[PDB]
Each structure stands twice: as structure tokens, then as C-alpha cells.
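Each chain gets a letter, A, B and so on, in the order the sequences are listed, and its residues count up from 1. Only this structure's heavy atoms are used, side chains among them; waters, hydrogens and symmetry mates stay out.
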Amino acid sequence: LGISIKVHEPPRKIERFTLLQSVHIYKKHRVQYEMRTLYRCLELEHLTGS
Amino acid sequence: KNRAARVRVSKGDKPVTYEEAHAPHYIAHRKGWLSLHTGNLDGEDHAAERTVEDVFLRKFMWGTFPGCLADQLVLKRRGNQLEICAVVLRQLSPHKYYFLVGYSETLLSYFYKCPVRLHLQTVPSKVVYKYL
Amino acid sequence: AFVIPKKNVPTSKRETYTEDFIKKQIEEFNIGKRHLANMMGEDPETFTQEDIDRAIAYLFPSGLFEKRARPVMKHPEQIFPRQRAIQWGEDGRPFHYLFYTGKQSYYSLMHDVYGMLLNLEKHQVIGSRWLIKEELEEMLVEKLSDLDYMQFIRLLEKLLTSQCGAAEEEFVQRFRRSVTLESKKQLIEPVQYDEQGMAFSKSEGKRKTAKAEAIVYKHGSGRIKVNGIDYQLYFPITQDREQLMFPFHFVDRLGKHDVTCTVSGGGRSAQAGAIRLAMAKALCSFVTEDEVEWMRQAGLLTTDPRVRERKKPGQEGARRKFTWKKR
Amino acid sequence: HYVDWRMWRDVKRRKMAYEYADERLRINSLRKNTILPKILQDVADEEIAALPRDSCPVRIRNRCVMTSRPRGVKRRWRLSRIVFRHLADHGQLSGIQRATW
Amino acid sequence: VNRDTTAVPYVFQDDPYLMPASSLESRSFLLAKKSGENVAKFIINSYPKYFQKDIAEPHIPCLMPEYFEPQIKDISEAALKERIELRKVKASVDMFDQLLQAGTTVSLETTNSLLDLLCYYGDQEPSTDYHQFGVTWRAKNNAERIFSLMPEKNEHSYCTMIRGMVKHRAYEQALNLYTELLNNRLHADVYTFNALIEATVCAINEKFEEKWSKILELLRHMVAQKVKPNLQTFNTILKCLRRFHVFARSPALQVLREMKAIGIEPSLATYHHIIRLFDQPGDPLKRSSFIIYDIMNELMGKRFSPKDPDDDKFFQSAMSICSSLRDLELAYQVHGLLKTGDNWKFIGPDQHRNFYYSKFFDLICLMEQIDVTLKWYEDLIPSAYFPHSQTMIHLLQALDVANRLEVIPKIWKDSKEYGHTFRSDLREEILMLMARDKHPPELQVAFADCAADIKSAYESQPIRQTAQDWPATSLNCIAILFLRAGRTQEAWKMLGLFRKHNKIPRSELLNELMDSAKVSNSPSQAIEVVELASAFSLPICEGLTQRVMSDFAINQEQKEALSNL
Amino acid sequence: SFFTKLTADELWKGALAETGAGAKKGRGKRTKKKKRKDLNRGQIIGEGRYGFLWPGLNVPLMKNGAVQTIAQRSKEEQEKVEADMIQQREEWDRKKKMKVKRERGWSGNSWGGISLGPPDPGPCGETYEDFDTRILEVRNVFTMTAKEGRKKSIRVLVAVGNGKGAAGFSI
Amino acid sequence: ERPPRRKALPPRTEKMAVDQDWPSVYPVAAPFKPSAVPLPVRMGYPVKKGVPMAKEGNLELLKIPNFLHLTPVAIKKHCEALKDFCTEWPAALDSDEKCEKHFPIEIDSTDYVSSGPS
Amino acid sequence: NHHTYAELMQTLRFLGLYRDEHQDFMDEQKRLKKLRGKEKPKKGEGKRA
RNA sequence: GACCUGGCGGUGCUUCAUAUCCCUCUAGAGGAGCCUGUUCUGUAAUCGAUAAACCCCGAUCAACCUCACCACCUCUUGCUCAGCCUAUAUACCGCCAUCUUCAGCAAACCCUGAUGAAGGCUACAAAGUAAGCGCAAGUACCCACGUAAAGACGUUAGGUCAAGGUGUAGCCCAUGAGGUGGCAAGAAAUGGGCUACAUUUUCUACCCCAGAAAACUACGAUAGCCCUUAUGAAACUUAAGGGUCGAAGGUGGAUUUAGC
RNA sequence: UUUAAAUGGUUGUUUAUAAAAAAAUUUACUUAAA
Ligand SMILES: [K+]
Ligand SMILES: [K+]
Ligand SMILES: [K+]
Ligand SMILES: [K+]
Ligand SMILES: [K+]
Ligand SMILES: [Mg+2]
Ligand SMILES: [Mg+2]
Ligand SMILES: [Mg+2]
Ligand SMILES: [Mg+2]
Ligand SMILES: [Mg+2]
Ligand SMILES: [Mg+2]
Ligand SMILES: [Mg+2]
Ligand SMILES: [Mg+2]
Ligand SMILES: [Mg+2]
Ligand SMILES: [Mg+2]
Ligand SMILES: [Mg+2]
Ligand SMILES: [Mg+2]
Ligand SMILES: [Mg+2]
Ligand SMILES: [Mg+2]
Ligand SMILES: [Mg+2]
Ligand SMILES: [Mg+2]
Ligand SMILES: [Mg+2]
Ligand SMILES: [Mg+2]
Ligand SMILES: [Mg+2]
Ligand SMILES: [Mg+2]
Ligand SMILES: [Mg+2]
Ligand SMILES: [Mg+2]
Ligand SMILES: [Mg+2]
């Protein structure tokens, strides 16, 4: 389409949190989950509204 | 010993699918996610409402197609659309499948106020990954 | 008669791939290969396996960490396990005189090497590694024991020790693989020239969370600027200034270079370590090859991998446990 | 059809608190300043205290929407740790995996 | 993007088990899906409470429950208007009566709206989700009773009453009401005049000349009252003029010529009525030939929009005439018009679409080169329609004429995929064509494989539940195809079937069985050939036996052969 | 709550208690050992308590060449369907209650002298249909393991013969 | 039963030519259908002495958001049809400095595309 | 809205369009308890008085 | 009587343990104050965990609510085609502890012991072949290191009917539901943690070249008391800040924890 | 060859067969007449 485009990768964000292993007691034992958010940034330039 | 979502060894006669054979520590290593939406991305909203909807849909489809589902659902959300991908068996007559697809797509579209499509893929029998 | 509940079709049902099945899979790959080239708008006749992999990656993007679980479109010969052919004909007579051993390929090879040694007796390195066990089994398409592997290598070694002809040496080289030895020789950075024509080298250094960039000038008075500040003002602690002296003192070049370095992250000691590494690497451009090796053997060119270990759940620290109570 | 009577009591509290939120905000504003006369602020103190007890927002409890567990709930999903783990360990929560590092 | 020829229509599930495999499954699979949607809608409107939580932004009105019951319970004119808007014929009429008994005033407009509702539906409730021949108009109907009750009757009240009567086949009563309309010196609208034209033609069984005079008289009344004719005025004339098959042709053309002069542009429905009038069962089709050629020249490259309810019936009628004239170039022009712009949407319902494509593909196979016929075969089937068993026979005949019989095995495979595995006519045609003449070894082998597959279909017939029939020609052909390919073992088994089913083998099958035995040089087999033909008393057997006796026959067998006769 | 309902497989696994401490080391012996019943066996898709007839699911889609519309079985008609369903269940249940007459061996509860049928056919299309098998002894032998303690094994003596001189026995 | 159980037709990839117009098969985003994609693609961690699972009934391939509707051929055809909607950037505004001189003010706004009913 | 989910799926079960495996399980158990005599008593007219 | 298998032996020999058994290395706990559990006692006034494998444990959390407790009052087809945190974790699913800081479990066969319970290795080889599971390999994090994760079969009828579900038994004008108010203390003992006893210290500036302090006005409370503020409808109580106050404590008995 | 080192309530820790079945829809317009 004739658009000037440049791509870079912003740094990823990893959010982690901890939960108990057992339903009852056994506090020392945990399960750790995470959600990874990866990024890509498309930078377009000099466009018209249409 | 850990228990979560682990099909335990039998006598080598229990057929398991590929999803049921992989424990939770493989969910981003060997198997993927059964639902893909944006709720759980950083800075995104409405993770809670998406979760309740997914739980309901998996229950709805299990009871609406009793004995037909050959594996777990794959729920896809793109913008306003919801797409349910189900691997079913080839036992129920095609007429009954078409009726249930027209019924479930309409009923679910009115319940969650969005266009819903159901994409069925039929298999002769349950795909066995291994015998545990 | 009490009927013992009979067994169903064997559940294990180990999958065997007959030769006709493989042939049908090859035909499918060739047709699919032409479809994939048609999808991607490329020439069917020059579509390679590296183009197939690139197309499959784009069309079926999978982020699964393990690459063996990702979608694959390879030649059936590379996918399906190599399977031994039928070892007997319709009459039932096996095709090999050593069939009844169960290791006809292994023992046939063992027989061959022994025969060669007999004839040789009657007639009379660093790069190459002896073929490992798992890879020898592949050649023979038979399962071997560790002690079986040892015995084979002992004969092969015995064959090399004795004088050998052209034929015998070629036979051994079938079972020798190539080892590419990594060179532990430091890479020298290019000598650049600034606007004024002064020769300088630039390198990077990392220590814990500190990252340094050092510009070492070929000629100077011994002036080190850290983030635009004189080094003694930037590093008031003596130990930190001793770390900056070590690279230049070790090569007897104190007072002969100017340094402009930028450091960020980490604490006072990590930053001095990161600068020490960046300066040593850049200084390698202005010393002799032998001196670069001495610097490497003094620990001046290695990135220190020691980084803070994470704290585990259910413990006090990375290693520190909670107080244990027997009762 | 709520999980238990406890969840049902929280449902009613969230409903009553919603209905009275504007009135409570208006009366509370009269009390949370030093500008208005203390005589007026004392009458506002009585008026907000006379509102139904279940309109008080502090009485609302974030219970698990699936099991009604009053503790161990993750606010983003509104699920108890047990229910969350059950859905996460089966690969049914988009983008949530076991963390190793 | 373009249509994918390998796929069935997008409405169906794209799965080999769920894809429709026949023309009937095509219809039934969609009807089943529509039934599911109706059941869901029935539940949604039965229990609105469950579907009242709106989580959509922006709001979607179409995805909300529908409420069909009147929510105004007061007895008043304003509350009555609701029941008319809801189309509650019985509730509205009952409430209007109660309103009249109470003595409150009902506006003329509200009364006219009630008459519109009552006249259109014939005082019968419109069909709901859940709770042809003859005149539907009834003398004791609510419309008539209310019409008399009206204190003031304007032009619209009479109009809607006339239109209602004609819609319900009360032609004579509608004409009488128009006479009353004229006695009151009230002008009729265009739509009333269009209904009145139909009334005069259907009412009486007079000859064309009298009916034509009546129609022309209404047109003169229309002009006298300053009423401008619309497109429907002329389309009803042409539709009415179809009963008088050969008398209305020239008059019908005059009506068309009048349209163009006035400025009313003929739609697709207009030309549909004309070609149907001109295309009656006559061998010459000389007039029909001229009309269709001229109509197509006018319509070339014209994008159409829906103007008349009969616009969807043109293409099927145009293609039917092209098949009768057997003009392929004209058919390509008709199809060309269908494909321009958005004209493809006028093909019509499913049964219209199937008829159009059946007539079109049958004409291609007959009148075009085989190489182009096969391209049309691939593009149209199954993506456009599912073929009838008779169209496969036409394609087989086209392949025969072109001497391209290597495709016959493929046609059989496709036929089985399109629901013609157990069609007797198709199975007999394929076998006969394959066995009609001798072919090279490779083609003979392929025909044997197809014959073996056709044989399995005969063996696995679902008609077996009723009765299993093996036609004589089919059996003979299968056996000959096995013998020519060299599967003598399989052919020898067929010899038992002939006597089992009491099917007489042809002489060509027996004469060719000689070589099979001679090459083997097994006199025992040679006698078996003689034994069977002797059972049927075929004259060739006796003369044949003597030749076999000369070539290869055991002495003991020779004596027995003669006595068996 | 609809969200607290589990599937049949989970409900039966809990109720049956086939895997538990009670079964590890002959701990709990219960004559009233619960048996699994598949409750989807006789159920037809589209059949409910209200008795609606859904065209294309519960009933045929087309009748008399015309698409059927939504209908509901009358009260008395639904009663018959419900009564028949109860009768079908009772009949199916009756079949399971029936005890097949087992030919007893030397004693009522003894394994000695009970026929095991013909030996199974060999892999190479080999058959022993002439031979008859009869149990001679069934013993519960035990060994002791470090992990589990008493490990129960079954020792069985069987004889085989064709009745024409060829006979053998094995453990 | 009057017939036997309904048999599934053969997959329609067997009718596809190797020079077809693929964008017509996958015009829009759709789930992976093994019977419509003429590729012997396999996926799944293989068992010992095993191969990745075939595509039929493969739920891992169904979980992927595939790009079969966005092949390079389709994207180029799509963009040729979308050129009519575009307007030309003013040639005068070559550089950012030129943009600032003629248009001193800059307004930043953000639009967020998420998946869901709202 | 647990009322909507529970009531919708109960209506769909009575209509024949949803199979509730759980509810089927507790209907069989409740049926076997009547044959065993463990039936819920009449309210008010209970064992106690 | 004689054996088989296992366990155990203050049982032999040999080789070893790498934060590990001893010797050794560093900082701690047991002494003081305070915080927070538990046990006892107390209260009209929850429950569960409670050698290793309980004791800042279910709780990433109790002023009302939460709540399941107590007192009083009220309701009876009841938010639910009811309900019950009523009994049974010795009926169970689910999720786990533990050996495991393990490497074994094992179908299907074959052979040995005269065809007994059972047993099955020697490589210059003598009866074992072994699918599958675990280990391993791979993968995550910064490497191929390390750390995570993983860790089968079984052991302790180990933990959890109080996450939720559920078998059996029990309650149904009450063992169900709702409202108001209220209890959650310390004679005593004890686990874990926090802050200290100071000069390698205390205060200020600074963030490492300083000035002062340094024993009855020193070091030392996050305690007590008073006041203010924050949140809340509600604070003697929860938190924060200020003022006042300046106590025990002077390096800790037997014993004991962690770290390569 | 080589210090001393006692105790642990009662009863409970092992055998008879396995599994349902179903049913179809039933190939190609428009129109009209009396
Ligand atoms: K022993
Ligand atoms: K201490
Ligand atoms: K302490
Ligand atoms: K219970
Ligand atoms: K006892
Ligand atoms: Mg663990
Ligand atoms: Mg530490
Ligand atoms: Mg709260
Ligand atoms: Mg007896
Ligand atoms: Mg202490
Ligand atoms: Mg307690
Ligand atoms: Mg207790
Ligand atoms: Mg209270
Ligand atoms: Mg309280
Ligand atoms: Mg209670
Ligand atoms: Mg237990
Ligand atoms: Mg590693
Ligand atoms: Mg670990
Ligand atoms: Mg591992
Ligand atoms: Mg216990
Ligand atoms: Mg307990
Ligand atoms: Mg009570
Ligand atoms: Mg201090
Ligand atoms: Mg203080
Ligand atoms: Mg306040
Ligand atoms: Mg002081
Ligand atoms: Mg004693
Ligand atoms: Mg004892």
C-alpha cells in the first residue's frame, strides 16, 4: 500500500504469582504460575486519514 | 506426589488423547491452550467474565452433544466473534448435527449477545496418542 | 465351560510402518510440497526444505518452547524411524548366515574386523572421535549393549595400532566422526579512528546487572572518565579503583592510554567489574597476541557468570531453609 | 441457585449497597470536611447511621464465584486458588502456564 | 476471491462426514439447520428472562428477545392500535367490537388499519411458531361486517377491501365492490386497478376477445381517473394473458411496446411472462426463437434490481427455452447475463437453481466439445448443484460420442459420491458402454475394476430389504468385462448367477468363452460352457458343441453332450 | 448451582471408591460393593419431560413430504412414553439380576474340576479345539515385599487332554 | 438399518490441483480443517520410536491461529483492491521539520482492540 | 447470575435439549432411596412433634 | 520338622557420604522485651492441623461482615423442582504431605527349582527377552553450569466430608433459614519470628577522606500512657505519626537450626 | 582384646465370572385449468 513501516520488539513482561500446593495445610509447598506478554510495535509514518 | 491433571499409569490398556497425556508443566512446552482471548494479557480487562463464559460453554456443549465430543473444545475469540471448534464422532446422524449446530449457534448468540459459530470436525473414533 | 474373559486387540499395538506405507507417504510429501509452493507463490521446482520450514512456520505459528512439538512438514525418510527389512523369504530361510544370533549386523561386522586383523597379521586423531553408541546402533539398525559397543571399539582400535592398507583405513573411517574444536582465542575488536584521527577501540562489559561501554584510545596519559567524571571521583572506594588498574597494570601499560567509559546498573563493585571487563577487551587491540593470551589466562577477558540466585518458595532464601523442628 | 446461603447473603449486600451508594456518598461528603457547621455534620452522622446495615460497602466479601470460598480468591479472575488451579492446570485459561525460572 | 469448485456451498459444514452427498441431502441438511434455529428462537421468545442480560457494546437490538403480546390492557382506541401493529386479527377484531359497544370513537385511520390487517390475512391468524385449492374468502367474515359498520368510508377503505377479495379469489365480489366504488364517485388507486385486472380475467370464462375488451376498458377507466400505471399493472396483464396461449401473443407484445413508450422499464418478471406466453408445446418454436433472441439482445449487460416478485423466475424460463431450441450460444448469453454484477442472486429458490443448471449442463454436454464439457463439469458440480442421475447419463453419452471412454471409471466414482450408487438406469448404462466394444489392455483392466465395483454395489443393494434384482444386461456385461481383462476365475463364478437368476446369456458371451477354455486346454471347462447354453435351449449351443468336440473334448464327454439336449 | 455440577465419570469414580486405602491391604471387605450404571444408555437426544417434538432431532424432519413444525405430546401421550421408559429400565435391570447356572466342580465353591474351555489358538493359525482344560487346584500363595508387605499371587494347576491319549498339565 | 452407517466422503484435498487459486479455499480466517488443507503437516511431541501425530483429529493444529487466509499471494491481491481507498500524503511534507512548520500542534489518541462482547 | 444459568439449564433439560449427567445421577440415587425406604418425610407431619 | 520372601540385627567385610556422618568453617535459636502460633486454664461462645511429615499451618489474613460459635427473638414448600459447615477422610473424587537430598515399578513371554513358596547374573559371559511408566533426555530462567520444574509403583486406613462434589446414615415447625447483641481472655508453659544488649557502635551531613555521642540525661521497646491523623456507618480495639515514658537486657544452661 | 544402653495394652491386614440395541431420507422449475 506504499506505507513507510518500521518494526521493533519492546521488552517482554512476565507476571508471576504463587498459590498453595494443597487444598489444606502444607504451607511450605506452592505452585507458581505466570502470564507472558510479548510485544511487537509497528511504527507507520506520514499517512492520511483515508 | 503431584496429582493435578495427571492421568496415572494403568496396565498399558487405557487409551489417552494427546491433551490428557500431558501434565500441567507442559502447557506452554508440548501442548497449547484450549482457549485464546486477550483477557489475560498485561493491561487487558474482563479476564473474569471471559473465564465464566468459557466454563459455561464447555458444560453447554458437553450436554448438548451428549456422547459425541471426542476431545476438549477449542474456544477462539476474535473481536466480537466467538468460534467454538469441536472434534466430534461419526455416530450421530448428520441431520441431528445440523439441527444442533443451528440450535446452539442461535441460542448462544442470544445468550452472550455476540455472533457465535460452531465448527465441527468429525473423526471415526477417538484419536489415541498412547496407551497408559 | 467357564469362559476366561478373552483379550481384546493388543492395546499397546506398537505401530509398524511397512515399506509400501512409506512409499505412499513419500508421494504425499511430493504433492504437498507442490501445494505449499503454490500457496506461497514460489517456484515448485526450486522449493527447498528450508523454504518449507519457513512457510510452515508462517502458516502455522506455534510458540511451544519445545521445537519437537511444533508443526512439521519433513520428508518421510527423516520423520519415520528407520526399520529393518524382512530377514527371511517366503520359504522361511533367513537371508543372513548369522541371523540366528539376533545381532546379524553387529556380529557380521565383528566377523569382518576379525577377518581383516587375521589377514593383516599374516601380511605383516584429535579431530576424529570414535562413533558413539547411539549412532552406531543407527548404522546397524540394531540395539546394542554398552559392553557390545566397547568390544567393537577395542577391535577397531586394535586395527589402527597395527599397520593398515588403504582399504582397512577407509573401513575404520566409516566409524569415525568429526569434532570441530572451539578455539579459546580472544576476538580482537577493530581499531577505529575518531574525527581527529586518533586510534581507539570500543568494547562492552557485563557484571551482575551492570553494563559498561569502554572506549580505549591507543595513546593517552592515563585519564579514565566514567560517565563523564574522573574515575577517582566516580569510584571513591579504593578497591574499585584497584579493579580499574588491574587490566593496565597486568600488561605494563599504566599511563599510556585514555579511557572514556559509560556504565549503568548494578552497584559500586559490579560497575567497577563491568568496566574492568570492557577496558580489558578493548585494550586487546593495542597489545600483542601473546599478551592477549596472558590476559585471558589471568581471568581478565571472561564474563563473570555469577549472578544472584532466586529465592525459592517455602524457604528463607536461595539456599537458607526455615528452621527445622524435629518435634 | 447460588452456591450456598453465604453467597446469597453477599449477593443481597452487593445489591443493597449499589442502590444506596449515591445517597451514602452525598451524606458522607457532608461529614468529610471542616467547612460545614458541626451541628449540620452531627445530623448527617445520624442520617448515614440510620441507613440499612447491608448498604455499608465494608460488609461485602469477595467470594469465589464458583465455590463461594471467602479466602484465597484471586481478584482478577474472582476464583478461589483451588478452582483457578483446576482450570489453569487443564490448559483452559488463556496464556497462564506454570512458572519456572 | 472466486468460488471454490472443490467445495460444497458455504452454508454447509466443511467436513467429509457432514458435507451433503446428494441433491436431497442438500435440501434436508439445510432444513435441519433451519429447524434448529427455529427451536432456539422458540425458546428465546418463550423464556425472555434468560436472555435479557445485555453485555454487548454497542447494543445489538437484533440479538434481544421479541415480545409479541399486547402490553396495553386498557380498552381504548390507542390501545387497539397496538393489537393491529402486532397483527392480532382475533384480538383486534374482538377489541374493536368491544370498543364499538362501549360507544367510544374509533378513528377512520384506525378502522382502515384494521381492515388492512383483516383483508390481507382473510380474517385468519398469521402463522406462529407454536401455541390451496378453493376460495379462501368467506361471506361471514369480519372484514365484511366491519366494512358495513363503518360510518364513514373513504377511498382507501374500498381499495383495501377490493385488493383483499382478489387476493383471496373473490373475483366476482371484488368487481361488484368496484362498481359500488364507481357509484360513489370515488377514485381507485393503482394497486386496486392492478387487482381488478386479474379479477376480470379469472372471474368469467369468456373468449379472449371479450376479456381483452374488458382489460382495455379498465385501462381506459384508469386513464379517465388520472391514475398512472405502475410496473405491476403491466405484469399482471401479461401474467393473465398466459391462459390464452396463441391469441395473446401479438397483444402481449403490444403491452410490452406500450411499457417502453410510457417509460416503465420492463423488469425480469415482465420478460418471464412474455417467454412463458410465447413458449408453448410446439415443435417449430419459430416465434419463440425470435422473441428469446430479441429479449437477450435487449437485456445484454444490464444489472437488475428487485422490482417484481416474479423477477426470480426469468432465468429458469430462459434456460428452458434454450434447451428446447438446442442453441448453446443463446444459453451462454443467458448464463452470461446471470454472472454480470449481482444478477446471480435472481436464480431463485433451490428447485429453481437445480432446474436451471440441469437444463444448462445437459445442453453443454450435447452441443459442445468434450474438453470444454469436462471443464464445465468440474466448475459446476458439486459447487453449484448436485447432479440428477439423468445428467450423469447425458455426460456418459457425451463421452461416448467423443470417444473418450477412459473417463468412464471416474464418472462412476463421482456418481457414487453424488448419491447414484443404487440407480439402476445409471449402473446399466455404464456397464453397457464399457462392454460395447473391445479396448486395449490398459483400458480393459480399468473397465474390469469399475465393473467389479458396480458388481459390489449390486451385491450390497439397500433394496435387498425389499427385493434384489440383477438385470440380465448388467450380469452379461460384468461377465464379459471380466473375461476380456483376463480374470477368468471371476468370470466363471458369474456362470452360476445366470442360471440362479434365470438370466439368458448372450451368444457373444458364450462365443468368447471358447478362447478362454482353449487357451487353458481344459475340456472340463469347455463342457461347462455347453452345459449352460443347453439348459436355455439356445440354438448356437448345438452348433457350438460340435466345434468344441472337434477342438477339445474328452471321448466320454462327447456322448453325454448329445443326450443332455 | 449449575457451576458445581460434575460429569458422570467424576461422580461414579467418587461414589464407587474403587481406589482407596480400604482396598490396598484387604482392609475393607463389603458384600454391598457398588456397581456402575450408565445413565445415558436408554436416553434419546431431544426427549424431555415436557414432551416437545423437535423436527429433525426427536422426530423425523419431514412428514408427508413437508417439514414438520414444533409440536408437543399430549399429557396422556407423554404419560405412556414415561411409563414405557420405566418398564424398559425394569426389564434391563431384570436381566442383570438374573443368575446364570454355573456348572459346579467338585464342590459348590471349589474351582477343582471346572472346565476352562479349549486352549487359545496359536499365533500361526494353530488350534487346540480337540483339547479340553480342567482346573485341579487354585491356591492363594503369598510373598513378603519391603514396600507393600504381603503380596498375593494365584497358583493354578490345570490339566489338558483331547481324550485320546494326549494329556498334559502346567502351573 | 436399511443401509450401513453413513460413510465419510474422501477428503476434498484429493480433488485440488497443485496450481489452484488457494485464496479461494481460505478466503477469511477459519479454523484448520484437515480435509481442506492439502498439506501432510504433522504436529505433536512424538512418543519413543514414534512420529508427530497426523493432521486428522489433531487438536494441537486446531489450537493454532493459522495464517492460511493470509498467504503472500492473497495479501498482494487484497492490497491491489484496497488501493482505491487510499489518499496521497502531501508531497510537500517531506520531513518532520517541514511538518512542524506547517502543522505545529500534534494530537495523540489511542484505540484499544480487545476480544469480547463489549 | 447463578439464577439465570441454573434456571436456563433446568428448562433446557426439561425440553430435552440438554443432558445433565449430574442431575441424572442424583435422580437415580433418589429413586433407589425410595425403594429402600429412605424417603423424605412430609413437611410438618414429621417424625417429631 | 525343614524351607521361601521380606524385615530387623548394640551383624561381618569393603567402599563411601560433600552442607555432610565425625573432626572442622560462618551466622543463629534456647537468656531479655515485643510480635505471632500452639498447649493448658478460663469463657454462655467455633472447626481443622497437631513425631519426622503440626505449631505467621487451611488464613496471599477475623472490629460488623467474613462466621461455621454463644444468648435472645423470628420464619416454615423455605435464594433453589428445598435446605443441612449434621456423623463417617476407616466409603471416596478432587488437591497434597512423606520416603524422593530415591531408582525402581512392570504387562506379555521364556527358562530353572523332580512342574513347592519362589528364582533368573558372570562380557575371554553360564537364561533370560522385555512393551509401557519413572529416572534420563528435552524444555523454562542468564550457557552445555547452576537453579527451578519433574519425580513412577507403593509406604504412613498420613492430611483434608469446613474449597467444591459425593457414597452410607441422620435432621425436616429443625441438626434448616433470618435478625439483634456478644465472646475471642492469660495462672502457667512452649514453637517460630522481630528488635536489642553497643565502639566493626549511637546521632547528623553525606552516600564511603566529616563533626559530634560514648554508662544512671549512654546503648536499648515496633511495649505502656496521652494526643493527632488515615480507613470505615461504627475504632479503648486497626494502622500511621507526634509527645511523654527510658524498663528488662551487659551476648545467653542442658540442648539445638541453616548454609558449598 | 575394649564403657554403659531398659520398655512398647486387646482384637482387626485378602476369591468367583465379564459385557445392550437401535433407526432412516428415500433425485431435476414455472404455471395453470375447470
Ligand atoms: K535375611
Ligand atoms: K539467643
Ligand atoms: K525466639
Ligand atoms: K458426605
Ligand atoms: K475381638
Ligand atoms: Mg512436592
Ligand atoms: Mg539470608
Ligand atoms: Mg472485607
Ligand atoms: Mg453351595
Ligand atoms: Mg528466647
Ligand atoms: Mg484451635
Ligand atoms: Mg483435632
Ligand atoms: Mg453477628
Ligand atoms: Mg464476628
Ligand atoms: Mg448449621
Ligand atoms: Mg486417609
Ligand atoms: Mg540442565
Ligand atoms: Mg522442586
Ligand atoms: Mg527429568
Ligand atoms: Mg486417618
Ligand atoms: Mg484428623
Ligand atoms: Mg440452626
Ligand atoms: Mg537504634
Ligand atoms: Mg512508643
Ligand atoms: Mg472518622
Ligand atoms: Mg537514651
Ligand atoms: Mg515394665
Ligand atoms: Mg507390642
Does any N or O donor sit under 3.5 Å from an N or O acceptor when you compare the side chain of [X] with the base of [N]?
X: D/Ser80; N: I/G164; value: no
X: D/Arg6; N: I/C85; value: yes
X: C/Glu66; N: I/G138; value: yes
X: H/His3; N: I/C79; value: yes
X: E/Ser22; N: J/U27; value: no
X: E/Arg276; N: J/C29; value: yes
X: D/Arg61; N: I/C67; value: no
X: H/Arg48; N: I/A174; value: no
X: H/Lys43; N: I/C172; value: no
X: D/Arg59; N: I/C64; value: yes
X: B/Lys1; N: I/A152; value: no

Less than 4.0 angstrom between a side-chain N/O of [X] and OP1 or OP2 of [N], yes or no?
X: A/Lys27; N: I/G58; answer: yes
X: A/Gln21; N: I/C96; answer: yes
X: F/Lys29; N: J/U15; answer: no
X: F/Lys151; N: I/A106; answer: yes
X: C/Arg310; N: I/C142; answer: no
X: A/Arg30; N: I/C96; answer: no
X: F/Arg27; N: I/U90; answer: no
X: D/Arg13; N: I/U66; answer: yes
X: C/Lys67; N: I/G138; answer: no

Which nucleotide in [options] has an atom nearest any side-chain atom of [X]:
X: D/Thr100; options: I/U155, I/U168, I/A148; answer: I/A148
X: F/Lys147; options: J/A28, I/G179, I/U100; answer: I/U100
X: F/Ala15; options: I/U166, J/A20, J/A24; answer: I/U166
X: B/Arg3; options: I/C95, I/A62, J/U30; answer: I/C95
X: E/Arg243; options: I/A91, J/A33, I/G94; answer: J/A33

Self-check item: Polar side chain donor-acceptor pair, B/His95 to E/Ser28, under 3.5 angstrom
Solution: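 A donor-acceptor contact under 3.5 Å links the two side chains.
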Quiz item: Under 3.5 Å, is there a donor-acceptor pair between the C/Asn8 and C/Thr11 side chains?
Solution: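 Short answer, no.
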Quiz item: Are the side chain of D/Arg85 and the backbone N or O of A/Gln21 linked by a donor-acceptor pair below 3.5 Å?
Solution: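 Indeed, once roles are kept as given, a pair shorter than 3.5 Å links the two residues.
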Quiz item: In whole angstroms, how far is the P atom of I/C171 from the NZ atom of H/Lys42?
Solution: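 Rounded to the whole Å, the gap is 16 Å.
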Practice problem: Using the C1' atoms only, state how far I/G159 lies from I/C93, rounded to an integer number of Å. | Solution: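 Rounded to whole Å, the distance is 15 Å.
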Practice problem: Considering only atom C1', compute the distance from I/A27 to I/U50 and round it to an integer number of Å. | Solution: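 Rounded to whole Å, the distance is 31 Å.
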Quiz item: Which base sits across from I/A87 as a Watson-Crick or G-U pair, both distances under 3.5 Å?
Solution: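 Its partner is I/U168.
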Self-check item: For I/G250, the Watson-Crick or wobble partner whose two distances fall under 3.5 Å
Solution: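 Result: none.
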Exercise. Mind checking the CG-CD spacing from E/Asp425 to E/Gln390? Nearest 0.5 Å is all I need.
Key: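 Separation between the atoms: 6.5 Å.
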Quiz item: Can we call I/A97 and I/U156 a base pair, counting Watson-Crick and G-U wobble only and needing both distances under 3.5 Å?
Solution: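 Result yes; both H-bond distances under 3.5 Å.
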Counting any heavy atom closer than 4.0 Å, what does [X] reach on the DNA or RNA strands: base, sugar-phosphate only, or nothing?
X: C/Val3; value: base
X: F/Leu16; value: nothing
X: F/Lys32; value: nothing
X: B/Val9; value: sugar-phosphate
X: E/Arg242; value: base
X: F/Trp12; value: nothing

Exercise. For the pair E/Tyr357 and E/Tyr385, name the ring-plane relationship: parallel under 30°, tilted 30 to 60°, perpendicular over 60°.
Key: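 Ring orientation, 0 to 90° scale: parallel.
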Quiz item: More 5' along RNA chain I: C/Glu316 or D/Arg63, using each one's nearest nucleotide?
Solution: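 Comparing both residues, the 5'-ward one is D/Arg63.
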Practice problem: Please test F/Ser1 against H/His2 for side-chain hydrogen bond (donor to acceptor under 3.5 Å, both in side chains), starting from the C-alpha separation and ending with a verdict. | Solution: CA-CA 6 Å; F/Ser1 177; H/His2 288 265; 3.0 Å; yes
